[PDB]
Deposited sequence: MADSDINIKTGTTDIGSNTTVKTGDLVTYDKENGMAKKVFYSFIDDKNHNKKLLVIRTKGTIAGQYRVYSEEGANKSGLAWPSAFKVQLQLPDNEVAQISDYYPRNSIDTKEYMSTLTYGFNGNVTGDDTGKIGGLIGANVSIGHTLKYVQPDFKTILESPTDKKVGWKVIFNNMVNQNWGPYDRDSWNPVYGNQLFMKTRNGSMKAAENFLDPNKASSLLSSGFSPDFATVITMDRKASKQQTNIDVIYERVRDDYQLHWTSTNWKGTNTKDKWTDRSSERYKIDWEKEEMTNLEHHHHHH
């Protein structure tokens, strides 16, 4: 892509060594790309590591069940989560993360720079490193989760949605006749439940296709520290709700159980600050 790998001198006796890693999780419908950047400033007491987490999480919007023509279930992704976590015994600390706060915009973007003070600062502080964050979240919201020096996590959760001019609806919508009409195609149509689900092409590309995260986590590591190797766990995660259409005696009625299924993908990475390398275990 536009993300280069290699080593550049970004000035003031500072080097940016960048590499990449890829792991396919075909079971969970996940391609998990990681671009890492070692910012080694000879004038700073700490080496910096930017872990740009990328790839694709397929939405896997699909009809999973059918009981005659009066009942059917639907699995739809209600949340995409990326998390990074450092075990407790480690010396390394999470100094910074992007997005830094909640993002309600359908598009997020940020260009990461190094300010030669040991601080990575995002704008949308002088010279750029090779990363410009960009991701899209139609009908979705981004939320930061319990950030500490040992764990950071982003949660891209479903917000609201217009349903062929009926909407807007969310996971909590209710109607005394039709219940939750989120993905309900027709209110009184004559067809099998399996066929009365909204076309995913008429909705968020996070539902039909999927979500492509682009988050940066910054890790600081003291040079004088004894143990100069570090483990870090990176988790990609999909939460899928269960939307069921049941034919009542008169009309169609929808229900939505939250967070019924959660598919969790996890990889461990060895960080070597001296060799400035990142590898899978």
In sequence order, the deposited-sequence ranges that have no modelled C-alpha atom: 1 to 5, 130 to 138, 296 to 302
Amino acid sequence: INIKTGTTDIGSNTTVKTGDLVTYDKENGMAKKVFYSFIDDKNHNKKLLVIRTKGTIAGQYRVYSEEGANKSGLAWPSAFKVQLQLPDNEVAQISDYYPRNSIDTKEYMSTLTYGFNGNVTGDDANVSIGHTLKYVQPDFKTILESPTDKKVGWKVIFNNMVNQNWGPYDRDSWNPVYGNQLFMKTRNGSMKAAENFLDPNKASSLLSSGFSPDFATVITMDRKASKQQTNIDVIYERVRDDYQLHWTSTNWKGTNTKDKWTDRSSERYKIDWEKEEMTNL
From here on, numbers count along this sequence of modelled residues.
Stretch with the greater mean C-alpha B-factor as recorded in the entry, comparing 156 to 164 against 131 to 139: 156 to 164
Of 72 to 80 and 193 to 201, the stretch whose C-alpha atoms average the higher B-factor in the entry: 193 to 201
Selection by C-alpha B-factor (highest) of 125, 206, 109, 103: 125
Criterion, highest CA B-factor; candidates, 48, 30, 225, 63: 225
Within-chain third of residue 253 by Cα B-factor, per the entry: highest
Residue 15, C-alpha B-factor rank within chain (lowest, middle or highest third): lowest
Modelled-residue ranking by C-alpha temperature factor, third containing residue 116: highest
B-factor third for the C-alpha atom of residue 99 within its chain: lowest
Residue 40 by Cα B-factor - lowest, middle or highest third of the modelled chain: middle
